Amino acid sequence: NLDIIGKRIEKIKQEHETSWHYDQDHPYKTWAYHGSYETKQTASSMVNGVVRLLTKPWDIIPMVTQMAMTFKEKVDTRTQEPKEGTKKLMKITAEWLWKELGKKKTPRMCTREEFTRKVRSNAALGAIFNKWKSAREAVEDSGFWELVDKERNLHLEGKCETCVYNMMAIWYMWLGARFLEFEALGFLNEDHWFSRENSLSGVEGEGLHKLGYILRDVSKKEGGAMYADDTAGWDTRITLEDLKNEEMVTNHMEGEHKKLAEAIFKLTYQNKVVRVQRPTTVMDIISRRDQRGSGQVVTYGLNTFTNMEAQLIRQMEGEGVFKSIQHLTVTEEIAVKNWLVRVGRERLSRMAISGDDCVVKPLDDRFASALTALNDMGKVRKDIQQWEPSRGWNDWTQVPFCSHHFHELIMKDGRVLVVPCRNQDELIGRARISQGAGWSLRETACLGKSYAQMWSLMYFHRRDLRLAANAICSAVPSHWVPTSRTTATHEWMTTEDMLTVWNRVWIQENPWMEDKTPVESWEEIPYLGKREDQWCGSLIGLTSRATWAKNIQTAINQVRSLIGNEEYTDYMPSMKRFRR
Ligand SMILES: CCS(=O)(=O)NCc1ccc2c(c1)OCO2
Ligand SMILES: [Zn+2]
Ligand SMILES: [Zn+2]
């Protein structure tokens, strides 16, 4: 308790000595409370005018228009200690999994140089505003690095002063604490520990154009249904036993790195200090030992790790490797170890795991009712009763993964595309939203262009999105560079011709495409069936959509008149209906 977190608490106390009060009407039950102090402040979603003016039919669709308008009683819950059998299953599995992930990789520290480059190219590192304005300024000023140095030597000493979370559920830290996290644990992401090649279950770096092909490869295995169970609030169900199995990656480290990594896990992950906005407006300084509250990129890799572990154990339960979670007998331990050594890698290859999101094709359907370990680890399924067997999927094209489903699409020349899809109202509603202040018209146009190029590359098979993408690319000056403020692979972020990028992604670099004959025009690139396009939210067949398509040059010219006298290209004649 207070020996590890007290210093951080002590320091915050003295910075607000005029306001410190141990409030008695504090709402916390599962968080340890320490005190309050005086503050007063809060970032709503803004509309992208360029995308909205070129998507007029969706102005009257509430599922689109409501997305631009507008659980902290789940963070204040507790997770029971797993049983002795469960804790043993997790420890054996975690030990084995870190070794497999480590066979072809070397843990190493990430550099000030690597960190500096990251900040000088807009990556959502989740820092705060004070002493310097932005991340860019702090990184050039040598004073920062002396503060970083002071904390760094404190961590080597086994102590912490400034590594404090700020709730808003996204936990921002100051850039310094973020650096020390990245230096110790960035290697998991920077060196692709959760690539499919390295982890067998993972999809880190894979790209939305690969995920369908990966699910179709899992479908080819002999076994039962495909299970895709969502966890209810994964980050809140991370136990202290989970955080200790994750820390075992430090067993693979040496020297300084081992000590620096050990301090991130001990001082910031397995003990936390957080400041929260309460409107009754004070700042509450609360602590807890468990739950996930790391940088979003370390969170992704450790979520993937612990999800891989949890699903191998659920597979062991289905296959009868152990009888009960109450207690592992000495000979069950050797059977579990032996299962891992004998079939562990095969069983990883039966899964696609993206942080808290999984798809599992088990050996058979005993998996569906193998719920004792999953429930006792705290990984309780969403939208199904605790002990009701899982509903599996019989067809890989129906399975949900990373907010998508996947279609098999046959080109007029016989070649097979596996394409990503989701309800079209979600895609159009997201492209009509921006975040943050001070957007110029040019910056808004360049964000519209990023969405349009993503649609041309990933959702070309949706009639409405290929037309809207062509319209936006026609309305934005041809040489203006697509932008984003918060940055999977992003091949649409480019000024290269989108047909050339489509050829590179879907033909040249596609390992599931044997014939490498380039496509010569957009008209060779197919759509979903008309009925399937409607099922997935198309407006084809509506009067509003027909008027929009017919009159699209008038909408393009409205946006061109607002942006002014610039160089534009007409992309509409890439589509048959606008080709005379
Ligand atoms: C290929 C470019 S397009 O999407 O603009 N034309 C196809 C189409 C238009 C109207 C329809 C339809 C299909 O089915 C019902 O009404
Ligand atoms: Zn610290
Ligand atoms: Zn679809």
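The basis for the numbers below is simple: all heavy atoms, side chains too, and nothing from hydrogens, waters or symmetry mates. Residue numbers count from 1 along this sequence.
Classification of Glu426 and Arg430 as a salt-bridged pair fails, no side-chain N sitting under 4.0 Å from a carboxylate O. With salt bridges taken as basic N to acidic carboxylate O contacts below 4.0 Å, one links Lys118 and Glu190. At a threshold of 4.0 Å, the pair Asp533-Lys530 does not count as salt-bridged, since none of the basic side-chain nitrogens sits closer than that to a carboxylate oxygen. With respect to the salt-bridge test (charged N to carboxylate O, under 4.0 angstrom), the residues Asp59 and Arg432 qualify. In summary, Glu140 and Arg120 engage in a salt bridge, as defined by a charged side-chain N under 4.0 Å from a carboxylate O. Salt-bridge formation is not detected for the pair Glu114/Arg117: no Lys NZ or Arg NE/NH1/NH2 atom is positioned less than 4.0 Å from an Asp or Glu carboxylate oxygen. No salt bridge links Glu491 with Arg504; every basic N to acidic carboxylate O contact stays at or beyond 4.0 Å.
Annotation: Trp522 is not in aromatic contact with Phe460 [ring centroid separation under 6.0 Å not met]. Close placement of the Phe144 and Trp174 rings is indicated, their centers lying within 6.0 Å of each other.
The closest donor-acceptor contact from the side chain of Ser434 to the backbone of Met46 lies at 3.5 Å or more, if one exists at all. Looking at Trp506, its side chain never comes within 3.5 Å of a backbone N or O of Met458 through a donor-acceptor pair. Put simply, the side chain of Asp357 gets close to the backbone of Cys402: a donor and an acceptor are under 3.5 Å apart. Under a 3.5 Å cut-off, the side chain of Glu137 and the backbone N or O of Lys133 do form a donor-acceptor pair. In terms of modelled atom types and a separation under 3.5 Å, the side chain of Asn551 and the main chain of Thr554 share no donor-acceptor contact. The closest donor-acceptor contact from the side chain of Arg196 to the backbone of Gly202 lies under 3.5 Å. Here the side chain of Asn198 pairs no donor or acceptor atom with the backbone of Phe194 at under 3.5 angstrom. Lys361 contributes no side-chain N or O that, together with a main-chain N or O of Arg350, makes up a donor-acceptor pair within less than 3.5 Å.
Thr397 and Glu408 share no donor-acceptor pair across their side chains, judged by distance under 3.5 Å alone. A donor atom on one side chain and an acceptor atom on the other are not found under 3.5 Å apart for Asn557 and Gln553. For the 3.5 Å distance criterion, the side chains of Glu181 and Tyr269 qualify, holding a donor opposite an acceptor. Residues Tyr213 and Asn510 bring a donor and an acceptor atom of their side chains to less than 3.5 Å of each other.
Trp439 carries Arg485 over the face of its six-membered ring, with the cationic atom under 6.0 Å from the centre and within 45° of the normal. With a 6.0 Å cutoff to the six-membered ring centre and a 45° limit on the axis angle, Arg466 counts as a cation-pi contact of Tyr527.
With contacts defined as side-chain heavy-atom distances shorter than 4.5 Å, the pair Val139/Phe179 does not qualify. Looking at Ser450 and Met493, their side chains come closer than 4.5 Å, going by heavy atoms from C-beta outward. For the pair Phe401 and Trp396, the minimum side-chain heavy-atom distance is 4.5 Å or more. Considering only heavy atoms from C-beta on, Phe406 stays 4.5 Å or farther from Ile214 through its side chain. Annotation: side chain of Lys105 is not in contact with side chain of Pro107 (no heavy-atom distance under 4.5 Å). Proximity of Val298 to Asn189: side-chain heavy atoms (C-beta onward) are nowhere separated by under 4.5 Å. With a 4.5 Å cut-off on side-chain heavy atoms, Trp132 and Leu175 do not count as touching. Residues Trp512 and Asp217 form a side-chain contact, since some pair of their non-hydrogen atoms from C-beta on lies under 4.5 Å apart.
Take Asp395 and apply the salt bridge (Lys or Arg N to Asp or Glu O under 4.0 Å) test, not counting sequence neighbours, and it matches no residue. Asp191 is linked by a salt bridge (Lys or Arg N to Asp or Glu O under 4.0 Å) to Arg108, counting only residues two or more places apart in sequence or in another chain.
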Go through it in stages, so that I can follow the logic: the residues are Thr494 and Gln453, the test is side chain to side chain donor-acceptor pair (under 3.5 Å), and I'd like the CA-CA distance, side-chain angles, deciding distance and then a yes or no. CA-CA 9 Å; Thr494 178; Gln453 295 193 162; over 6 Å; no
Using the side-chain contact (heavy atoms from CB on, under 4.5 Å) rule, take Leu457 and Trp502 through it: C-alpha gap first, then chi angles, then the decisive distance, then the call. CA-CA 6 Å; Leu457 200 52; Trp502 189 100; 4.2 Å; yes
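Aromatic ring orientation, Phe115 versus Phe182: tilted (interplanar angle from 30° to 60°). In this structure, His461 and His407 have tilted ring planes: the angle between them lies in the 30° to 60° band. A perpendicular orientation is assigned to the rings of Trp171 and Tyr165, their planes being inclined by more than 60° (bins at 30° and 60°).
Taking each heavy atom of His404 and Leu208 in turn, the nearest pair found is NE2-CD2, 3.5 Å. Heavy-atom minimum distance, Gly344 versus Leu312: O-CD2, 4.2 Å. The minimum heavy-atom distance linking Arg178 with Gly126 is given by the pair NE-O, 3.4 Å. Considering all non-hydrogen atoms of both residues, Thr486 and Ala124 come closest at CG2-CB, 4.1 Å. Closest of all the heavy-atom pairs between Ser456 and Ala469 is OG-CB, 3.4 Å. The two residues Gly429 and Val64 have their closest heavy-atom pair at CA-CG1, 3.9 Å.
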Run the side-chain donor-acceptor check on residues 471-483: report pairs under 3.5 Å with partners two or more places apart or on a different chain.
from: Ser474; atom 1: OG; to: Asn470; atom 2: O; distance (Å): 2.9
from: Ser474; atom 1: OG; to: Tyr571; atom 2: N; distance (Å): 2.9

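Within 6.0 Å of OH on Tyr172 lie no more than 12 heavy atoms contributed by other residues, nucleotides or ligands. Counting heavy-atom neighbours within 6.0 Å of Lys576 NZ, excluding the residue itself, gives a total of 12 or less. Enclosure of atom CG in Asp497 by more than 12 non-hydrogen atoms of other residues, nucleotides or ligands within 6.0 angstrom is indicated. A 6.0 Å sphere centred on NZ of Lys220 holds more than 12 heavy atoms belonging to other residues, nucleotides or ligands. Counting heavy-atom neighbours within 6.0 Å of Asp413 CG, excluding the residue itself, gives a total above 12. Surrounding CZ of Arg391 are at most 12 heavy atoms belonging to other residues, nucleotides or ligands under 6.0 Å away. A 6.0 Å sphere centred on NZ of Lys56 holds no more than 12 heavy atoms belonging to other residues, nucleotides or ligands.
Tested against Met308 for a side-chain contact (heavy atoms from CB on, under 4.5 Å), the candidates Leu200, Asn303, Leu97 yield a single pass: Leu97.
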